[PDB]
Amino acid sequence: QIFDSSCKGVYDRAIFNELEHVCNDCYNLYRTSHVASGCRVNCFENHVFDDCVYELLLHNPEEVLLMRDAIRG
């Protein structure tokens, strides 16, 4: 494997308003680092989808979230 960022300004653009807010929201859960490193970068699947969607929005319905990763990630 190799490090990377599954979130990209592109879907992050749509995500910015849709998901990114969720991250801005999840920010309350954690203190720091995990929110920033999981808000809009390498965040998409690993963090912002594990933490924000997997527990807040869609604990399972990451389906169309996986597609978004096509652009975001």
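Residues numbered from 1 in each chain as written, not as in the entry; some residues may be left out. Heavy atoms only, no water.

**Q** I would appreciate a short explanation of the overall build of the chain in the present structure.
**A** Counting its secondary structure elements, the chain contains three helices and zero strands. Sequence-ordered secondary structure for the chain, helices as α and strands as β, is α-α-α. Taken against the 2.2 N^0.38 rule, which gives 11 Å for 73 residues, the C-alpha radius of gyration of the chain at 11 Å falls within 12% of a compact globule. Overall, the C-alpha framework of the chain stretches about 30 × 25 × 25 Å when taken along its three principal axes. Out of the 73 residues belonging to the chain, those deemed buried represent 32%. Total accessible area computed for the chain in this model is approximately 4900 Å², and 52% of it derives from carbon and sulfur atoms. Put simply, the chain has 6 plus and 12 minus side-chain charges, and the middle of one group is 9 Å from the middle of the other. (Helix = DSSP H or I, 4+ residues; strand = E, 2+ residues; numbered from the N terminus. Rg over C-alpha atoms; globule rule 2.2 N^0.38 Å. Buried < 20%, exposed > 50% of the residue type's maximum accessible area, 1.4 Å probe, protein only. Areas by Shrake-Rupley, 256 points an atom, 1.4 Å probe, with all protein chains shown as cover. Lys, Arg positive; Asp, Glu negative; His and termini not counted. Charge placed at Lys NZ, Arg CZ, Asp CG, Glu CD.)

**Q** Looking at this structure, I do not really get the pattern of salt bridges. What am I missing?
**A** As a working rule, side chains carrying opposite charge can pair if their charged atoms are close by. Applying the stated criterion across every chain yields a total of two salt bridges. Put simply, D12 and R72 hold a salt bridge, and the shortest N to O gap is 2.8 Å. Linking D12 in helix α1 (residues 11-26) with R72 in helix α3 (residues 63-72), this pair joins segments that are 60 residues apart in sequence. When sorted by exposure, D12 lands in the same class as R72, which is buried. Measuring nitrogen to oxygen at the nearest pair gives 2.6 Å for the salt bridge that ties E20 to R40. Note that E20 is positioned in helix α1 and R40 in the loop between α1 and α2 (43-53), a separation of 20 residues in sequence. Judged by relative accessible area, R40 falls into the partly exposed class, the value being 35%. (Salt bridge = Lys/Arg side-chain N within 4 Å of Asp/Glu carboxyl O.)

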